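Neighbour counts run over all protein chains shown; Cβ positions are idealised from the backbone, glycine included. Readers should treat all values here as calculations from the given coordinates under stated rules, not as data from a laboratory.
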Amino acid sequence: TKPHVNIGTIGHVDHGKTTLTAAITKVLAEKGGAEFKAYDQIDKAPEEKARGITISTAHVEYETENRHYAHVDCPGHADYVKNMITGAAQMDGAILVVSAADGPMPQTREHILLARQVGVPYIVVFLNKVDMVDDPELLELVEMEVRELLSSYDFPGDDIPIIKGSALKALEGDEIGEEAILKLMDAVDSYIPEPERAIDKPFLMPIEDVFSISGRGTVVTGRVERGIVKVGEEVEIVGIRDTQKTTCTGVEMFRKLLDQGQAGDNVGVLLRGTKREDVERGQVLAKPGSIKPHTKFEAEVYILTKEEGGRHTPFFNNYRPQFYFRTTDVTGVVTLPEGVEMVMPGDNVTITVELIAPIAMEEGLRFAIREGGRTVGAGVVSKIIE
Ligand SMILES: Nc1nc2c(ncn2[C@@H]2O[C@H](COP(=O)(O)OP(=O)(O)O)[C@@H](O)[C@H]2O)c(=O)[nH]1
Ligand SMILES: [Mg+2]
């Protein structure tokens, strides 16, 4: 029945992200929509290790009248960096927590910048610790500050809901505290839209393997990432070489002929007229017009540390690694932003990349940076250039 939304608390350390998360689960538990997870349980977040990288993330779930939420919260700034860039945590929206007594702090800025770079589409703000601020005008001035900062990263600062409260008082069962948590959750319900179903997006399928079979022609295999491909419809073959257009004449799985393949399906797709030598791993099938090939882009990247399997020395301007996009490596040259001389292991930064061959790409596409077949970085395309 209820639509599902993924969110998380972001913001500077000590501003009350965890207290707020705990208060949400408490106040919703009390309305019959969650198990109360106490502060210590959320704060002592399990470390999860995946692809060399350890991230501490608390996962909590709750529901309002309208919606079901999965909510993430992390102890440290570095967990946010890694989750948001690697996509180990996805957010359809974020609750930005700012201490009203401190105002925005450097990770308040960094998390907003990250939200922009990795495509978090909406922010709601909880201005926390108002029990520490007795002056209403000071409160308004902090709020105005948060709005200016949000707008400076192109979020709609004038329209973003900002709820003022004390997460700590809510935890202590103060009624005014609790009402703020409920106003926060109403704003989340109404402002953060439920994301588009993968099935409704334009068809896209990364090609993993290509086959030329006697009396069948050219077959490509992979997983449909999004949308639906139907026998008889046209598809573009995008990336690496000039775009080509053809007709899907078949979709199949082991011992199963299909009329179509949808998001999540691992299928073989028969391409009418297409020569095996014109298709390769690293291209995508797509809805015609829906995605273009590019060589040049900006990305937010996280560079692994030595302990994660990464480099143990910095790189510099013109570094020339591989970029693993979906299924294949393409070499590219890295340009660093003005004011950045070097990128250390464990840093995150925005870079410009120029690949030696085009890839079907769009904002939000993730990739790995590799050196000699070893992953040294994780990125997400933040802007297409030209
Ligand atoms: N006075 C006050 N303190 C708070 C409030 N919310 C959190 N704190 C305290 O600020 C500290 C940091 O809170 P925490 O939720 O761990 O911050 P996080 O680092 O953002 O997750 C803890 O001592 C909290 O109890 C609040 O509304 N008022
Ligand atoms: Mg915390």
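Pull out all pairs, ordered by first then second residue, where Cβ-Cβ is under 6 Å, the residues are six or more apart or on different chains, the first lies in the range 93-107 and is more than 23 Å from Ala187 (Cα to Cα), and the second is within 11 Å of ligand 1 (Cβ to nearest atom).
Between residues of the range 93-107 that are more than 23 Å from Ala187 (Cα to Cα) and residues that are within 11 Å of ligand 1 (Cβ to nearest atom), the close pairs are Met105/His12; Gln107/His12; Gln107/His77.
In this structure, is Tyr122 more than 10 Å from ligand 1 (Cβ to nearest atom) and surrounded by fewer than 17 Cβ atoms within 10 Å (Cβ to Cβ)?
no
Could you tell me how many of the residues in the range 8-17 are outside any strand (DSSP E or B) and either buried (at least 19 other Cβ atoms within 10 Å of the Cβ) or more than 7 Å from ligand 1 (Cβ to nearest atom) (or both)?
Summing the residues that are outside any strand (DSSP E or B) and either buried (at least 19 other Cβ atoms within 10 Å of the Cβ) or more than 7 Å from ligand 1 (Cβ to nearest atom) (or both) in the range 8-17 gives 5.
Across the range 29-61, what is the total count of residues that are within 16 Å of ligand 1 (Cβ to nearest atom) and in contact (Cβ under 8 Å) with a residue 40 or more places away in the chain?
2
Which one is surrounded by the most Cβ atoms within 10 Å (Cβ to Cβ) among residues in the range 38-84 that are of a type in the set (A, V, I, L, M, F, W, C) and away from ligand 2 (no atom under 16 Å from the Cβ)?
Looking at the filtered set, the residue picked out is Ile53.
I'm trying to understand the selection: among the residues of the range 142-197, which are surrounded by 14 or more Cβ atoms within 10 Å (Cβ to Cβ) and β-branched (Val, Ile, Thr)?
Result: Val142, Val146, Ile160, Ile162, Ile163, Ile181, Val188, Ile192.
If a residue has to be surrounded by fewer than 21 Cβ atoms within 10 Å (Cβ to Cβ), assigned to a strand (DSSP E or B) and hydroxyl-bearing (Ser, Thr, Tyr) to count, how many in the range 292-307 make the cut?
1
Would you call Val349 under 20 Å from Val81 (Cβ atoms) and either free of Cβ contacts under 8 Å to residues at least 40 places away in the same chain or under 19 Å from the mean Cα position of the chain (by Cα) (or both)?
It is true that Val349 is under 20 Å from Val81 (Cβ atoms) and either free of Cβ contacts under 8 Å to residues at least 40 places away in the same chain or under 19 Å from the mean Cα position of the chain (by Cα) (or both).
I'm trying to understand the selection: among the residues of the range 18-45, which are part of a helix (DSSP H, G or I), among the charged types (D, E, K, R) and out of contact with any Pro (no Cβ under 9 Å at 6 or more places or on another chain)?
Within the range 18-45, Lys26, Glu30, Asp40 qualify.
Of the conditions (1) within 20 Å of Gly173 (Cα to Cα); (2) more than 12 Å from ligand 2 (Cβ to nearest atom); (3) touching a residue at least 40 places away in the same chain (Cβ under 8 Å), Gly16 clears all except one; give me its number.
Among (1) within 20 Å of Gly173 (Cα to Cα); (2) more than 12 Å from ligand 2 (Cβ to nearest atom); (3) touching a residue at least 40 places away in the same chain (Cβ under 8 Å), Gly16 violates only (2).
Here is a yes/no grid of residues against (1) at positive phi; (2) in a helix (DSSP H, G or I); (3) of a type in the set (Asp, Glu):
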{"site": "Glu145", "(1), (2), (3)": "no, yes, yes"}
{"site": "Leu150", "(1), (2), (3)": "no, yes, no"}
{"site": "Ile160", "(1), (2), (3)": "no, no, no"}
{"site": "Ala170", "(1), (2), (3)": "no, yes, no"}
{"site": "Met185", "(1), (2), (3)": "no, yes, no"}
{"site": "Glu194", "(1), (2), (3)": "no, no, yes"}
{"site": "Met205", "(1), (2), (3)": "no, no, no"}
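Quick one: which residue in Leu114, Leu127 is within 16 Å of ligand 1 (Cβ to nearest atom) and in contact (Cβ under 8 Å) with a residue 60 or more places away in the chain?
Among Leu114, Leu127, only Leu114 is within 16 Å of ligand 1 (Cβ to nearest atom) and in contact (Cβ under 8 Å) with a residue 60 or more places away in the chain.
Out of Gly289, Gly273, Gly310, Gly261, I need the residue that is out of contact with any helix residue (DSSP H, G or I) (no Cβ under 6 Å at 6 or more places or on another chain), part of a strand (DSSP E or B) and either of a type in the set (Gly, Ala, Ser) or closer than 30 Å to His111 by Cα (or both). Which one?
The match here is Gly261.
Which of the residues belonging to the range 101-132 are among the aromatic types (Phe, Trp, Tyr) and either more than 16 Å from the chain's Cα centre (by Cα) or part of a strand (DSSP E or B) (or both)?
Scanning the range 101-132 gives a single hit, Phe126.
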